[PDB]
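Inspection log for the structure reproduced underneath, given as structure tokens.
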Amino acid sequence: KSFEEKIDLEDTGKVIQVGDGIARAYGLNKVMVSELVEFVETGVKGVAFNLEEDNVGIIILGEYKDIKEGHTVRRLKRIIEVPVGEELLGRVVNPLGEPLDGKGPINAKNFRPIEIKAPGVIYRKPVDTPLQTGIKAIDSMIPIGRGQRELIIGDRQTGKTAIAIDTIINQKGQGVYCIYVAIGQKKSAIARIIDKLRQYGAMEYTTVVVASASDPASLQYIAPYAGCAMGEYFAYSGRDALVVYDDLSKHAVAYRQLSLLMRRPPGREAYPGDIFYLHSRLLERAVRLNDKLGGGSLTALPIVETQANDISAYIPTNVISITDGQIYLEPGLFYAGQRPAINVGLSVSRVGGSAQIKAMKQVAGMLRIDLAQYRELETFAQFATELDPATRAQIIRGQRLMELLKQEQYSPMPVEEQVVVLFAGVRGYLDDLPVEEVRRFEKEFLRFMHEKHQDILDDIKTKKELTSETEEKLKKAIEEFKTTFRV
Ligand SMILES: Nc1ncnc2c1ncn2[C@@H]1O[C@H](COP(=O)(O)OP(=O)(O)OP(=O)(O)O)[C@@H](O)[C@H]1O
Ligand SMILES: [Cl-]
Ligand SMILES: [Mg+2]
């Protein structure tokens, strides 16, 4: 036994490469992803991010300058935890839960691990309650239900963050705790977003997790897992949470950079790319739980950035496949002034449709049909030698409906208002106005409804359907408004 191996290879390891806040270890054969380890000599801790045999990747938490090749590493057998709960509402934190807003310590009473295994179907029940974004295009055509996974995808500067942040702003009074995860964005941009969340009153029920462009890849990589945990605190305690991952494209880039920081062991240059599994694990944690587990939910809104609208690229293909629905944004729409720049024909939300309230179902069906007919006709309309009156009417209706789907940033709309405005459209009441005046008509109409017909809005709101009685009154209110509207 003069030269026998001294260490336990399952729970103990040896640093074989260290630098730029990362280490690679021999041993630690039984370590799991996101498990804490300790560098014995220095007392510093780390978190496992890669389980390659005898080449385990470790994110060093804190001072890495003192860690040397040959140092012993020991499993702590604990998944790294973050503070979660009410104490984080109103706060801006990094992925480890440290405050970044100057408001003092968090003093959290609860903690959760950044990784858990997503519960199986036995623990879930069907999505049955809406998550109102307050954005007409989505709430009508791409309804989201609480517990689902909805992708927001499109090129840079198409309005992706805007949808997400407006959705958050709209959760005031909706009973939804919100977690906004900024991954890889510039500090300056993130600051602006936090300011808007503050200004529009969202921070009361919102936690912002930041790992900026200037933060290490390691923090960017941990960010969404920490954010999910923070949301799970509510989901698993009979409450509803929404977590925004902005964005998973930058997250994939950070995970890739982490892997590239250490060199490959000689004679093995290709370990598999499991970014698909990383995002799959993250998103499966969106859940609609059963009654025995409290009935709460966690809705996920991952964001993916495309290049040249290439939704066939790798990350896009991955996340499209592991989400229940997709909202597609496009630069052509954006540039034409169709904002939000959502392609409502291509976008889809399977699981949300049944959860959508009845009042909205009552107007979304016709909307969808009218837009379908419009887009068919637009195939050839501009090259038609002539179009009959009926066809012209269908085009006009369609142009009016598209105009109604335009909406300014930071202005999410109550569902009952969406309903009466979309009713006016689908029923033809904007057909005789110039298209350029639809926005104003909408603005003036809704003032008019509060001023003279609040009881209609109240009824739709309370009943969540448009009854025949209220429908008739609505028809008359619209006609009444038109009476005085100045074209
Ligand atoms: N509904 C809207 N109406 C008018 N302008 C909007 C709307 N939504 C977003 N914008 C504006 O369009 C621009 C792009 O928005 P945003 O940054 O949310 O898009 P993005 O896809 O997240 O871009 P990035 O690639 O920078 O993350 C911003 O200047 C934003 O203020
Ligand atoms: Cl911990
Ligand atoms: Mg963005």
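In the structure tokens, chains take the letters A, B, ... in the order shown, each chain's residues start at 1, and ligands count up from 1 in the order shown.
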Show me a table, sorted first by chain and then by increasing residue number, of the residues of region 234-264 of chain A having an atom at most 12 Å from region 122-129 of chain A, each with its shortest atom pair and the distance in Å to one decimal, counting only C-alpha atoms and written as a tab-separated table.
```
residue	atom	partner	partner_atom	distance
A:235	CA	A:124	CA	11.7
A:236	CA	A:123	CA	11.2
A:240	CA	A:129	CA	10.2
```
Task: Residues of region 109-276 of chain A in helix (DSSP H, G or I), written as a PyMOL selection string - done: chain A and resi 121-123+136-141+160-169+187-199+202-205+217-235+248-261+275-276
- [ ] Identify, on the basis of only C-alpha atoms, every residue whose closest approach to residue 281 (chain A) does not exceed 9 Å; exclude the query and any residue fewer than 5 positions from it along the same chain; express the result as a list in words.
- [x]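 Here the qualifying residues turn out to be residues 115, 116, 117, 118 and 276 of chain A.
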Preceding selection exported with C-alpha atoms as a PDB file, in the first residue's frame:
```
ATOM      1  CA  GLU A 115     -32.937  22.715  -8.836  1.00  0.00           C
ATOM      2  CA  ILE A 116     -35.755  20.319  -8.093  1.00  0.00           C
ATOM      3  CA  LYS A 117     -37.175  17.549 -10.217  1.00  0.00           C
ATOM      4  CA  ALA A 118     -40.345  18.710 -11.930  1.00  0.00           C
ATOM      5  CA  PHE A 276     -31.597  21.242 -24.685  1.00  0.00           C
TER       6      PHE A 276
END
```
TODO: Return as a list in words the residues of protein, DNA or RNA that approach ligand 2 to within 7 Å, with only C-alpha atoms and all ligand atoms taken into account.
DONE: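 Every residue with an atom at most 7 Å from ligand 2 is listed here: residues 78, 79, 80, 81 and 82 of chain A.
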Give me a file of those residues, with N, CA, C and O atoms, as a PDB file, in the first residue's frame.
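Output (result.pdb):
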```pdb
ATOM      1  N   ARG A  78     -25.569  18.975  -0.937  1.00  0.00           N
ATOM      2  CA  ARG A  78     -26.663  19.940  -0.797  1.00  0.00           C
ATOM      3  C   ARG A  78     -26.773  20.750  -2.077  1.00  0.00           C
ATOM      4  O   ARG A  78     -25.799  21.301  -2.585  1.00  0.00           O
ATOM      5  N   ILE A  79     -27.971  20.795  -2.652  1.00  0.00           N
ATOM      6  CA  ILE A  79     -28.202  21.659  -3.810  1.00  0.00           C
ATOM      7  C   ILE A  79     -28.210  23.118  -3.281  1.00  0.00           C
ATOM      8  O   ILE A  79     -28.840  23.431  -2.272  1.00  0.00           O
ATOM      9  N   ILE A  80     -27.465  23.983  -3.945  1.00  0.00           N
ATOM     10  CA  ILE A  80     -27.362  25.370  -3.548  1.00  0.00           C
ATOM     11  C   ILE A  80     -28.749  26.004  -3.479  1.00  0.00           C
ATOM     12  O   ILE A  80     -29.584  25.808  -4.354  1.00  0.00           O
ATOM     13  N   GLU A  81     -28.986  26.760  -2.409  1.00  0.00           N
ATOM     14  CA  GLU A  81     -30.274  27.363  -2.156  1.00  0.00           C
ATOM     15  C   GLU A  81     -30.217  28.856  -2.260  1.00  0.00           C
ATOM     16  O   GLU A  81     -29.172  29.474  -2.062  1.00  0.00           O
ATOM     17  N   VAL A  82     -31.369  29.435  -2.564  1.00  0.00           N
ATOM     18  CA  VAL A  82     -31.531  30.884  -2.615  1.00  0.00           C
ATOM     19  C   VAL A  82     -32.661  31.255  -1.665  1.00  0.00           C
ATOM     20  O   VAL A  82     -33.569  30.445  -1.426  1.00  0.00           O
TER      21      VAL A  82
END
```
- [ ] Grab me every residue within 6 Å of ligand 1, counting only C-alpha atoms and all ligand atoms, and send it over as a VMD selection string.
- [x] chain A and resid 156 to 162 339 to 340 407 to 409
With N, CA, C and O atoms retained, could you export that selection as a PDB file, in the first residue's frame?
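Writing the result to result_11.pdb gives the following:
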```pdb
ATOM      1  N   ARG A 156     -34.133  40.652 -32.732  1.00  0.00           N
ATOM      2  CA  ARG A 156     -33.858  41.762 -31.817  1.00  0.00           C
ATOM      3  C   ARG A 156     -34.770  42.944 -32.150  1.00  0.00           C
ATOM      4  O   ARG A 156     -35.173  43.130 -33.276  1.00  0.00           O
ATOM      5  N   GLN A 157     -35.131  43.698 -31.129  1.00  0.00           N
ATOM      6  CA  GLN A 157     -35.864  44.937 -31.273  1.00  0.00           C
ATOM      7  C   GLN A 157     -37.205  44.748 -31.954  1.00  0.00           C
ATOM      8  O   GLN A 157     -37.643  45.590 -32.716  1.00  0.00           O
ATOM      9  N   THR A 158     -37.852  43.624 -31.686  1.00  0.00           N
ATOM     10  CA  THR A 158     -39.191  43.394 -32.188  1.00  0.00           C
ATOM     11  C   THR A 158     -40.246  43.616 -31.112  1.00  0.00           C
ATOM     12  O   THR A 158     -41.430  43.544 -31.414  1.00  0.00           O
ATOM     13  N   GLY A 159     -39.830  43.896 -29.872  1.00  0.00           N
ATOM     14  CA  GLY A 159     -40.777  44.131 -28.806  1.00  0.00           C
ATOM     15  C   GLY A 159     -40.988  43.020 -27.782  1.00  0.00           C
ATOM     16  O   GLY A 159     -41.981  43.034 -27.055  1.00  0.00           O
ATOM     17  N   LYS A 160     -40.056  42.067 -27.705  1.00  0.00           N
ATOM     18  CA  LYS A 160     -40.195  40.900 -26.816  1.00  0.00           C
ATOM     19  C   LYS A 160     -40.283  41.243 -25.299  1.00  0.00           C
ATOM     20  O   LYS A 160     -41.249  40.885 -24.612  1.00  0.00           O
ATOM     21  N   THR A 161     -39.287  41.960 -24.786  1.00  0.00           N
ATOM     22  CA  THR A 161     -39.309  42.405 -23.387  1.00  0.00           C
ATOM     23  C   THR A 161     -40.566  43.193 -23.055  1.00  0.00           C
ATOM     24  O   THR A 161     -41.218  42.928 -22.021  1.00  0.00           O
ATOM     25  N   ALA A 162     -40.943  44.104 -23.946  1.00  0.00           N
ATOM     26  CA  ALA A 162     -42.183  44.920 -23.812  1.00  0.00           C
ATOM     27  C   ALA A 162     -43.414  44.089 -23.499  1.00  0.00           C
ATOM     28  O   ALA A 162     -44.172  44.475 -22.655  1.00  0.00           O
ATOM     29  N   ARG A 339     -47.815  47.230 -33.876  1.00  0.00           N
ATOM     30  CA  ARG A 339     -47.186  47.009 -32.609  1.00  0.00           C
ATOM     31  C   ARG A 339     -48.264  46.910 -31.548  1.00  0.00           C
ATOM     32  O   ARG A 339     -49.098  47.825 -31.428  1.00  0.00           O
ATOM     33  N   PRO A 340     -48.216  45.847 -30.729  1.00  0.00           N
ATOM     34  CA  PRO A 340     -47.188  44.801 -30.708  1.00  0.00           C
ATOM     35  C   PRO A 340     -47.107  43.988 -31.994  1.00  0.00           C
ATOM     36  O   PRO A 340     -48.124  43.660 -32.572  1.00  0.00           O
ATOM     37  N   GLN A 407     -51.506  48.401 -29.978  1.00  0.00           N
ATOM     38  CA  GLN A 407     -51.628  48.826 -28.595  1.00  0.00           C
ATOM     39  C   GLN A 407     -50.327  49.449 -28.146  1.00  0.00           C
ATOM     40  O   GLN A 407     -49.267  48.917 -28.397  1.00  0.00           O
ATOM     41  N   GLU A 408     -50.406  50.559 -27.434  1.00  0.00           N
ATOM     42  CA  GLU A 408     -49.222  51.253 -26.998  1.00  0.00           C
ATOM     43  C   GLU A 408     -48.571  50.528 -25.839  1.00  0.00           C
ATOM     44  O   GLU A 408     -49.213  49.815 -25.058  1.00  0.00           O
ATOM     45  N   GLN A 409     -47.270  50.717 -25.727  1.00  0.00           N
ATOM     46  CA  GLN A 409     -46.516  50.102 -24.649  1.00  0.00           C
ATOM     47  C   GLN A 409     -46.961  50.679 -23.290  1.00  0.00           C
ATOM     48  O   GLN A 409     -47.403  51.820 -23.196  1.00  0.00           O
TER      49      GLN A 409
END
```
- [ ] Pick out the residues no farther than 12 Å from ligand 3, counting only C-alpha atoms and all ligand atoms, and list them as number ranges by chain.
- [x] A: 152-165, 180-186, 189-190, 192-193, 244-250, 302-306, 329
Task: Counting only C-alpha atoms, the option among A:203, A:219, A:194, A:137 closest to residue 338 (chain A) - done: A:137
- [ ] Counting only C-alpha atoms, figure out which residue out of A:288, A:91, A:439, A:361 gets nearest to residue 206 (chain A).
- [x]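 That would be A:91, the residue with the smallest distance to residue 206 (chain A).
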- [ ] Considering only C-alpha atoms, state which residue in the set A:204, A:291, A:459, A:444 is at the smallest distance from residue 92 (chain A).
- [x]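 Answer, going by the shortest atom-to-atom distance: A:204.
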Open item on the list: Need the shell around residue 275 (chain A): protein/DNA/RNA residues with any atom at most 10 Å away, counting only C-alpha atoms. Skip same-chain ones fewer than 6 positions apart. Format as a list in words?
Closed with: residues 251, 252, 253, 255, 256, 281, 314, 315 and 318 of chain A
Could those residues be written to a file, using C-alpha atoms, as an mmCIF file, in the first residue's frame?
```
data_model
loop_
_atom_site.group_PDB
_atom_site.id
_atom_site.type_symbol
_atom_site.label_atom_id
_atom_site.label_comp_id
_atom_site.auth_asym_id
_atom_site.auth_seq_id
_atom_site.Cartn_x
_atom_site.Cartn_y
_atom_site.Cartn_z
ATOM 1 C CA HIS A 251 -28.435 32.025 -21.242
ATOM 2 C CA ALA A 252 -27.379 29.416 -23.857
ATOM 3 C CA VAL A 253 -24.404 31.620 -24.766
ATOM 4 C CA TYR A 255 -23.643 28.148 -20.575
ATOM 5 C CA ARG A 256 -21.490 27.662 -23.670
ATOM 6 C CA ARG A 281 -35.495 20.863 -17.020
ATOM 7 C CA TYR A 314 -30.985 25.309 -32.603
ATOM 8 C CA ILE A 315 -32.172 27.191 -29.481
ATOM 9 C CA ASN A 318 -35.328 23.482 -28.789
#
```
Task: Neighbour list for residue 176 (chain A) as an MDAnalysis selection string, cut-off 8 Å, only C-alpha atoms, skip fewer than 3 positions in-chain - done: chainID A and resid 171:173 205 239:242
Mind writing the picked residues with N, CA and C atoms as a tab-separated table (two decimals), in the first residue's frame?
```
chain	number	residue	atom	x	y	z
A	171	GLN	N	-50.45	42.46	-13.82
A	171	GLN	CA	-50.85	41.50	-12.80
A	171	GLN	C	-51.32	42.15	-11.51
A	172	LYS	N	-51.28	43.47	-11.45
A	172	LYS	CA	-51.84	44.18	-10.30
A	172	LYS	C	-53.30	43.74	-10.12
A	173	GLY	N	-53.61	43.19	-8.96
A	173	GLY	CA	-54.96	42.74	-8.67
A	173	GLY	C	-55.32	41.40	-9.27
A	205	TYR	N	-45.51	43.37	-6.11
A	205	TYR	CA	-45.68	41.92	-6.22
A	205	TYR	C	-44.61	41.27	-7.10
A	239	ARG	N	-50.45	29.39	-4.39
A	239	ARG	CA	-50.49	30.69	-5.00
A	239	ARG	C	-49.98	30.60	-6.42
A	240	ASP	N	-50.18	31.67	-7.16
A	240	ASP	CA	-49.86	31.68	-8.58
A	240	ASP	C	-48.69	32.60	-8.79
A	241	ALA	N	-47.71	32.14	-9.56
A	241	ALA	CA	-46.49	32.87	-9.87
A	241	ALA	C	-46.27	32.89	-11.39
A	242	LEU	N	-45.59	33.94	-11.86
A	242	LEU	CA	-45.19	34.05	-13.28
A	242	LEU	C	-43.70	34.37	-13.26
```
Open item on the list: From a backbone DSSP assignment, name each residue in region 75-243 of chain A labelled strand (DSSP E or B), as number ranges by chain.
Closed with: A: 75-79, 81-84, 92-93, 99, 110-113, 124, 130-131, 144-145, 149-155, 176-183, 206-211, 240-243
Next, write the just-selected residues to a file, as a PDB file, in the first residue's frame, keeping C-alpha atoms as the atom set.
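As written to disk, selection.pdb reads:
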```
ATOM      1  CA  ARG A  75     -19.091  17.110  -1.876  1.00  0.00           C
ATOM      2  CA  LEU A  76     -21.420  18.970   0.466  1.00  0.00           C
ATOM      3  CA  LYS A  77     -24.394  16.886  -0.814  1.00  0.00           C
ATOM      4  CA  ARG A  78     -26.663  19.940  -0.797  1.00  0.00           C
ATOM      5  CA  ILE A  79     -28.202  21.659  -3.810  1.00  0.00           C
ATOM      6  CA  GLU A  81     -30.274  27.363  -2.156  1.00  0.00           C
ATOM      7  CA  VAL A  82     -31.531  30.884  -2.615  1.00  0.00           C
ATOM      8  CA  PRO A  83     -33.716  33.007  -0.337  1.00  0.00           C
ATOM      9  CA  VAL A  84     -37.319  33.013  -1.533  1.00  0.00           C
ATOM     10  CA  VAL A  92     -33.664  43.599  -7.122  1.00  0.00           C
ATOM     11  CA  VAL A  93     -31.261  40.693  -6.382  1.00  0.00           C
ATOM     12  CA  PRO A  99     -29.468  42.654  -2.995  1.00  0.00           C
ATOM     13  CA  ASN A 110     -37.466  30.851   3.596  1.00  0.00           C
ATOM     14  CA  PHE A 111     -35.045  29.189   1.160  1.00  0.00           C
ATOM     15  CA  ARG A 112     -35.265  26.758  -1.738  1.00  0.00           C
ATOM     16  CA  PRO A 113     -32.762  24.873  -3.870  1.00  0.00           C
ATOM     17  CA  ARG A 124     -50.686  18.241 -11.702  1.00  0.00           C
ATOM     18  CA  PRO A 130     -56.342  32.635 -17.412  1.00  0.00           C
ATOM     19  CA  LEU A 131     -53.171  34.692 -17.113  1.00  0.00           C
ATOM     20  CA  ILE A 144     -52.218  31.989 -21.815  1.00  0.00           C
ATOM     21  CA  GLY A 145     -53.329  29.845 -18.904  1.00  0.00           C
ATOM     22  CA  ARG A 149     -45.068  27.510 -20.726  1.00  0.00           C
ATOM     23  CA  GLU A 150     -45.416  30.251 -23.335  1.00  0.00           C
ATOM     24  CA  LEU A 151     -42.542  31.229 -25.615  1.00  0.00           C
ATOM     25  CA  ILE A 152     -42.048  34.785 -26.793  1.00  0.00           C
ATOM     26  CA  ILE A 153     -39.761  34.590 -29.811  1.00  0.00           C
ATOM     27  CA  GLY A 154     -38.456  36.931 -32.541  1.00  0.00           C
ATOM     28  CA  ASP A 155     -35.548  39.038 -33.775  1.00  0.00           C
ATOM     29  CA  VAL A 176     -49.952  36.629  -9.491  1.00  0.00           C
ATOM     30  CA  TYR A 177     -46.486  37.002  -7.936  1.00  0.00           C
ATOM     31  CA  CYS A 178     -43.944  37.924 -10.672  1.00  0.00           C
ATOM     32  CA  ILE A 179     -40.272  37.078 -11.107  1.00  0.00           C
ATOM     33  CA  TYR A 180     -38.400  38.923 -13.889  1.00  0.00           C
ATOM     34  CA  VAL A 181     -35.070  37.321 -14.796  1.00  0.00           C
ATOM     35  CA  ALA A 182     -32.656  39.574 -16.753  1.00  0.00           C
ATOM     36  CA  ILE A 183     -30.013  37.309 -18.366  1.00  0.00           C
ATOM     37  CA  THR A 206     -42.469  41.540  -8.277  1.00  0.00           C
ATOM     38  CA  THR A 207     -38.887  40.322  -7.742  1.00  0.00           C
ATOM     39  CA  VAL A 208     -36.183  41.170 -10.283  1.00  0.00           C
ATOM     40  CA  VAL A 209     -33.204  38.749 -10.639  1.00  0.00           C
ATOM     41  CA  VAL A 210     -30.275  40.348 -12.502  1.00  0.00           C
ATOM     42  CA  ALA A 211     -27.211  38.804 -14.113  1.00  0.00           C
ATOM     43  CA  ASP A 240     -49.864  31.681  -8.579  1.00  0.00           C
ATOM     44  CA  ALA A 241     -46.493  32.869  -9.869  1.00  0.00           C
ATOM     45  CA  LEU A 242     -45.188  34.048 -13.278  1.00  0.00           C
ATOM     46  CA  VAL A 243     -41.478  33.817 -14.116  1.00  0.00           C
TER      47      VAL A 243
END
```
Task: One-decimal distance in Å that lies between CA of residue 237 (chain A) and CA of residue 298 (chain A) - done: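 Here the two named atoms are 10.9 Å from each other.
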TODO: Please provide as a ChimeraX atom specification all residues within 10 Å of residue 428 (chain A), with the sequence filter that same-chain residues fewer than 3 positions apart are discarded (counting only C-alpha atoms).
DONE: /A:393-394,396-398,400-401,422-425,431-432
Go ahead and write the selection's residues with N, CA, C and O atoms as an mmCIF file, in the first residue's frame.
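The new file result.cif reads:
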```cif
data_model
loop_
_atom_site.group_PDB
_atom_site.id
_atom_site.type_symbol
_atom_site.label_atom_id
_atom_site.label_comp_id
_atom_site.auth_asym_id
_atom_site.auth_seq_id
_atom_site.Cartn_x
_atom_site.Cartn_y
_atom_site.Cartn_z
ATOM 1 N N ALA A 393 -65.754 44.430 -48.357
ATOM 2 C CA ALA A 393 -66.250 44.576 -46.989
ATOM 3 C C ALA A 393 -65.406 43.752 -46.004
ATOM 4 O O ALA A 393 -65.082 44.222 -44.915
ATOM 5 N N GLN A 394 -65.094 42.515 -46.400
ATOM 6 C CA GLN A 394 -64.240 41.608 -45.640
ATOM 7 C C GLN A 394 -62.835 42.203 -45.436
ATOM 8 O O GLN A 394 -62.278 42.150 -44.313
ATOM 9 N N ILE A 396 -62.061 45.472 -45.570
ATOM 10 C CA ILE A 396 -62.232 46.608 -44.642
ATOM 11 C C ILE A 396 -62.311 46.158 -43.183
ATOM 12 O O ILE A 396 -61.681 46.753 -42.297
ATOM 13 N N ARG A 397 -63.143 45.157 -42.927
ATOM 14 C CA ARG A 397 -63.324 44.614 -41.578
ATOM 15 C C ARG A 397 -61.979 44.170 -41.034
ATOM 16 O O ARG A 397 -61.576 44.536 -39.923
ATOM 17 N N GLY A 398 -61.269 43.403 -41.838
ATOM 18 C CA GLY A 398 -59.958 42.907 -41.477
ATOM 19 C C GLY A 398 -58.993 44.034 -41.145
ATOM 20 O O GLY A 398 -58.265 43.921 -40.168
ATOM 21 N N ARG A 400 -59.743 46.929 -39.989
ATOM 22 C CA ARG A 400 -60.196 47.529 -38.757
ATOM 23 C C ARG A 400 -59.738 46.688 -37.565
ATOM 24 O O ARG A 400 -59.261 47.220 -36.557
ATOM 25 N N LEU A 401 -59.885 45.381 -37.698
ATOM 26 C CA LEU A 401 -59.508 44.445 -36.647
ATOM 27 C C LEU A 401 -58.006 44.483 -36.334
ATOM 28 O O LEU A 401 -57.599 44.499 -35.178
ATOM 29 N N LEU A 422 -63.291 44.838 -28.850
ATOM 30 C CA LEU A 422 -63.240 43.795 -29.895
ATOM 31 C C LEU A 422 -64.652 43.462 -30.426
ATOM 32 O O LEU A 422 -64.820 43.076 -31.573
ATOM 33 N N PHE A 423 -65.663 43.585 -29.574
ATOM 34 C CA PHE A 423 -67.055 43.421 -29.995
ATOM 35 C C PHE A 423 -67.401 44.455 -31.076
ATOM 36 O O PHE A 423 -67.894 44.129 -32.146
ATOM 37 N N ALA A 424 -67.115 45.708 -30.792
ATOM 38 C CA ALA A 424 -67.287 46.778 -31.769
ATOM 39 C C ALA A 424 -66.638 46.407 -33.083
ATOM 40 O O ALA A 424 -67.236 46.591 -34.136
ATOM 41 N N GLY A 425 -65.423 45.873 -33.050
ATOM 42 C CA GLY A 425 -64.779 45.486 -34.305
ATOM 43 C C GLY A 425 -65.463 44.329 -35.014
ATOM 44 O O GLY A 425 -65.852 44.434 -36.190
ATOM 45 N N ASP A 431 -66.266 49.690 -39.392
ATOM 46 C CA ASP A 431 -66.079 49.568 -40.836
ATOM 47 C C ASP A 431 -66.210 50.894 -41.571
ATOM 48 O O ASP A 431 -65.455 51.164 -42.512
ATOM 49 N N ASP A 432 -67.166 51.724 -41.154
ATOM 50 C CA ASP A 432 -67.363 53.000 -41.829
ATOM 51 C C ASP A 432 -66.445 54.140 -41.386
ATOM 52 O O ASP A 432 -66.591 55.236 -41.891
#
```
Open item on the list: Here is a test: counting only C-alpha atoms, which residue of A:119, A:175, A:296, A:345 is nearest to residue 368 (chain A)?
Closed with: A:345
Please identify all polymer residues within 7 Å of residue 342 (chain A), counting only C-alpha atoms, omitting same-chain residues fewer than 4 positions from it, and present them as a PDB file with N, CA and C atoms, in the first residue's frame.
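Here's the written file result07.pdb:
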```
ATOM      1  N   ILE A 327     -45.564  32.812 -29.081  1.00  0.00           N
ATOM      2  CA  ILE A 327     -45.923  34.123 -29.565  1.00  0.00           C
ATOM      3  C   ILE A 327     -44.777  34.579 -30.462  1.00  0.00           C
ATOM      4  N   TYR A 328     -45.029  34.735 -31.760  1.00  0.00           N
ATOM      5  CA  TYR A 328     -43.987  35.109 -32.737  1.00  0.00           C
ATOM      6  C   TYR A 328     -44.000  36.577 -33.073  1.00  0.00           C
ATOM      7  N   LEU A 329     -42.874  37.277 -32.889  1.00  0.00           N
ATOM      8  CA  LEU A 329     -42.816  38.693 -33.253  1.00  0.00           C
ATOM      9  C   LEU A 329     -41.973  38.819 -34.511  1.00  0.00           C
ATOM     10  N   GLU A 330     -42.246  39.854 -35.296  1.00  0.00           N
ATOM     11  CA  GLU A 330     -41.583  39.993 -36.580  1.00  0.00           C
ATOM     12  C   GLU A 330     -41.220  41.446 -36.857  1.00  0.00           C
TER      13      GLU A 330
END
```
